[PDB]
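Basis for what follows: all heavy atoms, side chains included, without hydrogens, waters or symmetry-related copies. We're numbering straight along the sequence, starting at 1.
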Amino acid sequence: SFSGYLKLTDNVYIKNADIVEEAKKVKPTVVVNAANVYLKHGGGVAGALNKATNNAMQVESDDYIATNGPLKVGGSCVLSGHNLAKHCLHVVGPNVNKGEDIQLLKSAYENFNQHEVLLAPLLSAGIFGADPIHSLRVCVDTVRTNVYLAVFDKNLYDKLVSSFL
Ligand SMILES: CC(C)NCc1ccc(N(C)C)cc1
């Protein structure tokens with residue numbers, strides 16, 4: 001199962017790891033993607049997860065959008081996990097670089113509560129522009145299920161652990 005994680009709370013764990021490498025190793029039931037409303041997996045975590053699936057995640061996502069239309073900011077959908085996981089939970093955190101409301105970050109993390117255990121990135125962090133320290137705080141105060149957070153950047157991982165209240 002999950003190894004090498006630091007326990008932050010009763011249900012939140014954290015590790016300095018590449019979420020693609022972590023997914024290929026653990027083969028979790030659920031891997032969370034840092035999705036946008038269009039499921040266009042171009043960059044950041046989404047671009048990396050999609051590249052690992054040889055673009056199969058993008059082909060499946062385009063069919064999902066053609067049928068259902070875009071997701072809401074704060075919303076999610078469950079699609080295949082391809083070669084990375086049983087399922088991928090595509091969760092849309094607000095992208096503050098696109099002017100999306102940061103208050104929707106709690107709604108985005110609420111989607112994790114529908115799954116007993118997840119491998120996930122910090123929502124709205126990285127290219128989504130939010131403060132990752134704030135994202136971790138919203139995560140621990142919102143998610144009640146078991147979440148294993150993979151933080152790619154070592155320097156950010158160290159800052160997140162050393163500043164965790
Ligand atoms: C039971 C859990 C640890 N693994 C579920 C599971 C997830 C993904 C895959 N593959 C082959 C991508 C296989 C199995």
Give, for atom [atom1] of [X] and atom [atom2] of [Y], the distance between the pair rounded to the nearest 0.5 Å.
X	Y	atom1	atom2	value
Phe164	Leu6	CZ	CG	9.0 Å
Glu60	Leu79	CD	CG	4.0 Å
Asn146	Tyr13	CG	OH	6.5 Å
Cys88	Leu49	SG	CG	6.0 Å
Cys139	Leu8	SG	CG	8.5 Å
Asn95	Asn36	CG	CG	8.0 Å

Q) In terms of ring plane angle, is the pair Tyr5 and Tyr148 parallel, tilted or perpendicular, where the classes change at 30° and 60°? A)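 Rings of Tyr5 and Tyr148: perpendicular, over 60°.
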Compare all side-chain heavy atoms of [X] with those of [Y] and state whether any distance is below 4.5 angstrom.
X	Y	answer
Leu39	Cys77	yes
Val30	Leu119	no
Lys24	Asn83	yes

(Q) Looking at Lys106 and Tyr109, would you say the former's side chain and the latter's main chain have a donor-acceptor pair under 3.5 Å? (A)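 No: the side chain of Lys106 does not pair with the backbone of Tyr109.
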Q. Counting only N and O atoms by type, is there a donor-acceptor contact under 3.5 Å from the side chain of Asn113 to the main-chain atoms of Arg144?
A. yes
Q: Would you please indicate yes or no on a ring centroid separation below 6.0 angstrom for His90 and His41?
A: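 Judged by ring-centre distance (under 6.0 Å), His41 and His90 do meet the cut-off.
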Q) Checking side-chain hydrogen bond (donor to acceptor under 3.5 Å, both in side chains) against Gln58, which of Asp62, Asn54, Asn55 comes through? A)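 Option passing the side-chain hydrogen bond (donor to acceptor under 3.5 Å, both in side chains) with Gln58: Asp62.
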